[PDB]
Amino acid sequence: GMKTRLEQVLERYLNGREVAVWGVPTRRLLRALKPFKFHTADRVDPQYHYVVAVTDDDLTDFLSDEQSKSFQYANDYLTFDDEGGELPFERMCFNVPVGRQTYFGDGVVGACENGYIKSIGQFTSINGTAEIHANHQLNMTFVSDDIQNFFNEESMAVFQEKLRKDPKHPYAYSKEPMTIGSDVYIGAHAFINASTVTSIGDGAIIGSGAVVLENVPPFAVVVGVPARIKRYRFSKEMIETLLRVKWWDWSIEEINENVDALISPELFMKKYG
Amino acid sequence: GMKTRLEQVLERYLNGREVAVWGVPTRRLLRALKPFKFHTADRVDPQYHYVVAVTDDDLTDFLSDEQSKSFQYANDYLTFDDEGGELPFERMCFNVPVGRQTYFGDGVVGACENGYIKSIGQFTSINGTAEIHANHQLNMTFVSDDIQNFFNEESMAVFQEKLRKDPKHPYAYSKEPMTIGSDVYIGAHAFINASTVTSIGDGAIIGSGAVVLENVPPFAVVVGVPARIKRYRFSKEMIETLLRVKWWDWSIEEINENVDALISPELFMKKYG
Amino acid sequence: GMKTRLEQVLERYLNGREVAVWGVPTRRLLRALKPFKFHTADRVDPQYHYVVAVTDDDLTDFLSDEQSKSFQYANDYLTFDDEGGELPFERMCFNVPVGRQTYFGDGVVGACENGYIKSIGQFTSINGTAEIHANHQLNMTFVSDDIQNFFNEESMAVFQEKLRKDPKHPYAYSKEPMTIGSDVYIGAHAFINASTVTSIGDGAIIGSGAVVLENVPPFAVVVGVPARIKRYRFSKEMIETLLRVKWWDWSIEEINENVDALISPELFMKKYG
Ligand SMILES: NC[C@@H]1O[C@H](O[C@H]2[C@@H](O)[C@H](O[C@@H]3[C@@H](O)[C@H](N)C[C@H](N)[C@H]3O[C@H]3O[C@H](CN)[C@@H](O)[C@H](O)[C@H]3N)O[C@@H]2CO)[C@H](N)[C@@H](O)[C@@H]1O
Ligand SMILES: NC[C@@H]1O[C@H](O[C@H]2[C@@H](O)[C@H](O[C@@H]3[C@@H](O)[C@H](N)C[C@H](N)[C@H]3O[C@H]3O[C@H](CN)[C@@H](O)[C@H](O)[C@H]3N)O[C@@H]2CO)[C@H](N)[C@@H](O)[C@@H]1O
Ligand SMILES: NC[C@@H]1O[C@H](O[C@H]2[C@@H](O)[C@H](O[C@@H]3[C@@H](O)[C@H](N)C[C@H](N)[C@H]3O[C@H]3O[C@H](CN)[C@@H](O)[C@H](O)[C@H]3N)O[C@@H]2CO)[C@H](N)[C@@H](O)[C@@H]1O
């Protein structure tokens, strides 16, 4: 096993408090909360309770309740069914590190569990609808994957070592897990092909509906099906500066002391050129 | 707060009856039903009970039950988790008016809550899969939105007034909310860009998968990514007639007395040309 | 009524055992399990219990539990909310036969209930995100379908027989239900138009995001919006051999005795040319 998003938060911030469950629990959540005292949330006080909304619909009910004016996000509450949500600290998602202020949808965390990704960067914004799938094998008479359920030991072996010896890397085998940089935007209905992409450059923008079939260089704004660059983010000199200064690894104080360097693209250039 | 779809229906049609809950309640639903007598649905009689299916899967179970032969849609039953469903009367959806016989999916109601839309017309058919998102800011060194969580008062102010002064209207700021006309069809996997669209013309057809990036004139059938017209609905003289006669604002009696004007496009033209 | 996926499995494999419910039941599931003894799963033994995970999230919890090491898929457990999941035997899905090792998502089973499909083949792999919708009527002044809710008997009749007399087959009327062959791959965000497609050839590959608007001949690899062939699977002589040998109708013993005929495309050709 390994820790879920909620478990990681509770480790940090629960601080011996009781867990006030806001919503109908699921068996998975009840396994998580088994070591703690917990109860169906009634009257709640952040000094004594940490509130776990089960679903995002359960969260909206809580935040509409006057009782939640005192609760601070992450420190005092969290949604349980939200493994790919943003956090103010670096977290883990099935041995995939993801930085701060970084969210994604069920498709991506799904890809994380499969191991299609090695890391997601900082301040990265991925739409819920986006999907990341590998490709099936093209070298054989079949493309069905679940035919593998019918194979014995002997058929499994001969099938499983033909996949390992493949250039086009089916099922994301034989390749490095994908790497998604910081300050990336991925739009709705998008697709990144895990069998052929190894890295998405920092600050790259994927237009919505676009279908990425190969690595996107840093700051390449890409649309259309498949994905070709229509515009770059900034000048190539500005690109190479951002990759050394690494403002996304900054502290919070460094963000609020160099605000207007971030707000103005070329005001930044004077300071870190 | 403001009234949900269910609350609006119950106001109209509950008429002092008890609410028979068909399904496992959610905390959000239980907040809604708090003022009324309600119970886990067992034997139900529309003379005494109004049946609220919690989920759409709960609804199918009810409609398969022989007990539901006597219940009429809206008047006697409704799904709770169905904020974007059709209704025989004009309704509200987060201060967004939507006409009669008009449905949409979770993406659109999501856009409604954000305020990306000003109104949805009558007899409008929007696929569940469709999504409506704004664009992030392109004028800065970053595109991440949730970096805003790290800003203090002072950083928030300088960041928030640069957005207000923007031509491309990021986050749907500084622009009129979108307006969706009557008799519109939007297909599956579609996308309308809330940062750049202000109005979708009445009777416009969005082909599925199409990505609308700018206003669609009335009756423009549009496909492809992005969205360009491949065909118009009717002749331009027929277009300008429909915009004055406004058959979608008709009564029910006017629909059933002028049936074959609606069924035949050019039979309509003789009456209202 | 007709039998769901779970009911069909339980008929085959329950064998007088008790149903151990792993998760929060739904009213629909509780209707299914009404004839059997069943209980909230605690300590479970496949000799005495069949475990029904309600949701797929409930399933992952079960499979992470050490108690599930003894349970075999289908024979001893199954997800309830998974009507379009793979099975080792041919099954039914709303009078739509689907072969072995064949899965699809909520869109397709949705299309099945509508009757847009006549059969799904063997070893067919359809992404969850794929959608299958018919087209609305284009012959009239309106495209809204739910305006039909406002029609009386008389308006319904004149409206319903104009649809039956249509070349473009709106609402999948007047046409054969769609047929999906064996060994088909359909990718994410895809769309097959039920109003214009009658058959997808065996072994056809639909690239993800592609929008199929007309029949795909066997083994045509198709991408882009709309869907045009960029490559065929195998040589046209190999195509016509696979359609007679029909390896997807094989037994399991025939799969494991002719493994390397399936793994190697042209090694197959020597045996069955
Ligand atoms: N507020 C509407 C809510 O949105 C939900 O999720 C969708 C979307 O809104 C939601 O928004 C995501 C959240 O996830 C995540 N927790 C924080 C992130 N900043 C936010 O960002 C997203 O929505 C922001 C609106 N602040 C937009 O500014 C931003 O453009 C967009 N990327 O992510 C989903 C993407 O598709 C549900 N769709 C809807 O039912 C619900 O009501
Ligand atoms: N009947 C199948 C059901 O469909 C559900 O939702 C999908 C679709 O079917 C459903 O259908 C919508 C409903 O929403 C809404 N309440 C009324 C509207 N007339 C209807 O319309 C939609 O389905 C009609 C089939 N009358 C089609 O005639 C019409 O082309 C299509 N726009 O909207 C969703 C769009 O994607 C679930 N996908 C599936 O699980 C369920 O079983
Ligand atoms: N393992 C991740 C899980 O995936 C889920 O569903 C998605 C996907 O993964 C899932 O996978 C389907 C299953 O359905 C179905 N029961 C068996 C089938 N062999 C499998 O196949 C799919 O995932 C396989 C990963 N073996 C891939 O090898 C294969 O390329 C892909 N078609 O189908 C969905 C397609 O979109 C959820 N998205 C996620 O929450 C969950 O955690």
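The sole residue among B:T55, B:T60 that is away from ligand 1 (no atom under 13 Å from the Cβ) and crowded, with 19+ Cβ neighbours inside 10 Å is B:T55.
The sole residue among C:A227, C:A261 that is facing another protein chain (nearest Cβ under 9 Å), farther than 20 Å from C:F89 by Cα and surrounded by 16 or more Cβ atoms within 10 Å (Cβ to Cβ) is C:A261.
Considered as a group, the residues in region A:121-144 that are under 30 Å from C:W250 (Cα atoms) and facing another protein chain (nearest Cβ under 7 Å) include one that is farthest from ligand 3 (Cβ to nearest atom), and that residue is A:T141. Within region A:42-82, the set of residues being out of contact with any helix residue (DSSP H, G or I) (no Cβ under 8 Å at 6 or more places or on another chain) and within 16 Å of A:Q8 (Cβ to Cβ) comprises A:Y73 only. Looking across region C:85-95, the residues that are free of Cβ contacts under 8 Å to residues at least 40 places away in the same chain and either out of contact with any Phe, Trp or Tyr (no Cβ under 9 Å at 6 or more places or on another chain) or surrounded by 21 or more Cβ atoms within 10 Å (Cβ to Cβ) (or both) come down to C:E86, C:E90. Each residue in region C:152-178 was checked for being without any contact (Cβ under 8 Å) to a residue 12 or more places away in the chain and either touching a strand residue (DSSP E or B) at 6+ places or on another chain (Cβ under 9 Å) or within 7 Å of another protein chain (Cβ to nearest Cβ) (or both), and 4 pass. Residue count for region B:51-69, restricted to those that are part of a strand (DSSP E or B) and within 11 Å of chain C (Cβ to nearest Cβ): 1. Among the candidates B:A261, B:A188, the residue that is small (G, A, S), in contact with a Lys or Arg (Cβ under 6 Å, 6 or more places away or on another chain) and either on the phi < 0 side of the Ramachandran plot or assigned to a loop (DSSP other than H, G, I, E, B) (or both) is uniquely B:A261.
Here A:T102 clears all of (1) crowded, with 21+ Cβ neighbours inside 10 Å; (2) under 30 Å from C:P25 (Cα atoms); (3) among the polar types (S, T, N, Q) except the condition numbered (2).
Residue selection: A:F89 satisfies the criterion of being out of contact with any strand residue (DSSP E or B) (no Cβ under 9 Å at 6 or more places or on another chain) and more than 11 Å from every other protein chain (Cβ to nearest Cβ). With respect to the numbered conditions (1) in contact with a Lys or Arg (Cβ under 8 Å, 6 or more places away or on another chain); (2) surrounded by 19 or more Cβ atoms within 10 Å (Cβ to Cβ); (3) closer than 30 Å to B:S235 by Cα, which one is the sole condition not fulfilled by C:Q122? With respect to (1) in contact with a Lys or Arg (Cβ under 8 Å, 6 or more places away or on another chain); (2) surrounded by 19 or more Cβ atoms within 10 Å (Cβ to Cβ); (3) closer than 30 Å to B:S235 by Cα, C:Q122 is out only on (3). Annotation: C:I147 fulfils all but one of (1) farther than 23 Å from C:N215 by Cα; (2) more than 10 Å from every other protein chain (Cβ to nearest Cβ); the unmet one is (2). Looking across region B:75-95, the residues that are more than 16 Å from ligand 1 (Cβ to nearest atom) and more than 25 Å from B:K118 (Cβ to Cβ) come down to B:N75, B:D76, B:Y77, B:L78. Among the residues of region B:94-109, write down those that are within 15 Å of ligand 2 (Cβ to nearest atom) and within 18 Å of B:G128 (Cβ to Cβ). Hits for region B:94-109 are B:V98, B:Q101, B:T102, B:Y103, B:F104, B:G105, B:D106, B:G107, B:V108, B:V109. Do you know which of the residues in region C:237-258 that are farther than 23 Å from A:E154 by Cβ and touching a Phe, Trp or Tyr at 6+ places or on another chain (Cβ under 9 Å) is surrounded by the fewest Cβ atoms within 10 Å (Cβ to Cβ)? My answer is C:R244.
For region C:226-260, which positions are of a type outside the set (K, R) and under 23 Å from the mean Cα position of the chain (by Cα)? The answer is C:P226, C:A227, C:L242, C:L243, C:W247, C:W248, C:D249, C:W250, C:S251, C:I252, C:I255. Filtering region B:199-224 to residues that are of a type outside the set (D, E), surrounded by fewer than 22 Cβ atoms within 10 Å (Cβ to Cβ) and touching a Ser or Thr at 6+ places or on another chain (Cβ under 7 Å) leaves B:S199, B:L213, B:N215. Restrict the check to region C:83-93 and report whether at least one residue is away from ligand 2 (no atom under 16 Å from the Cβ), among the basic types (K, R) and in a loop (DSSP other than H, G, I, E, B). The answer is no; no qualifying residue exists.
When residues in region C:7-23 are screened for being within 14 Å of chain B (Cβ to nearest Cβ) and either under 20 Å from C:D61 (Cβ atoms) or in contact with a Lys or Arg (Cβ under 8 Å, 6 or more places away or on another chain) (or both), 2 of them pass. In this structure, B:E7 does satisfy being within 23 Å of the chain's Cα centre (by Cα) and either within 16 Å of C:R31 (Cβ to Cβ) or part of a helix (DSSP H, G or I) (or both). Each residue in region A:105-118 was checked for being more than 9 Å from ligand 3 (Cβ to nearest atom) and touching a residue at least 60 places away in the same chain (Cβ under 8 Å), and 4 of them qualify. Somewhere in region C:60-79, is a residue within 15 Å of ligand 3 (Cβ to nearest atom), within 15 Å of the chain's Cα centre (by Cα) and either outside the structural domain of C:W247 (by TED's automatic domain parsing) or without any contact (Cβ under 8 Å) to a residue 60 or more places away in the chain (or both)? There is no residue in region C:60-79 that is within 15 Å of ligand 3 (Cβ to nearest atom), within 15 Å of the chain's Cα centre (by Cα) and either outside the structural domain of C:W247 (by TED's automatic domain parsing) or without any contact (Cβ under 8 Å) to a residue 60 or more places away in the chain (or both).
Pairing residues of region B:135-151 that are in contact (Cβ under 8 Å) with a residue 12 or more places away in the chain with residues that are among the β-branched types (V, I, T) and not in a loop (DSSP other than H, G, I, E, B), at Cβ distances under 7 Å and at least 6 apart in sequence or on separate chains, gives B:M140/A:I263.
Somewhere in region B:104-116, is a residue within 14 Å of chain C (Cβ to nearest Cβ) and either of a type in the set (F, W, Y) or more than 15 Å from ligand 1 (Cβ to nearest atom) (or both)? Looking for residues that are within 14 Å of chain C (Cβ to nearest Cβ) and either of a type in the set (F, W, Y) or more than 15 Å from ligand 1 (Cβ to nearest atom) (or both), one finds at least one in region B:104-116, hence yes.
Within the set A:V197, A:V221, the sole residue that is without any contact (Cβ under 8 Å) to a residue 24 or more places away in the chain and either part of a strand (DSSP E or B) or in contact with a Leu (Cβ under 7 Å, 6 or more places away or on another chain) (or both) turns out to be A:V221. For region B:24-50, the candidate set comprises residues that are within 11 Å of chain A (Cβ to nearest Cβ) and part of a loop (DSSP other than H, G, I, E, B); within that set, the residue that is surrounded by the most Cβ atoms within 10 Å (Cβ to Cβ) is B:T26. Examine region C:11-34 for a residue that is in contact with a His (Cβ under 6 Å, 6 or more places away or on another chain) and among the hydrophobic types (A, V, I, L, M, F, W, C), and state whether such a residue exists. The answer is yes; a qualifying residue exists.
All Cβ positions, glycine included, derive from the backbone under ideal geometry; neighbour counts span all protein chains shown. All of this is worked out from the model, or read from it or from the source named; no laboratory instrument gave them.
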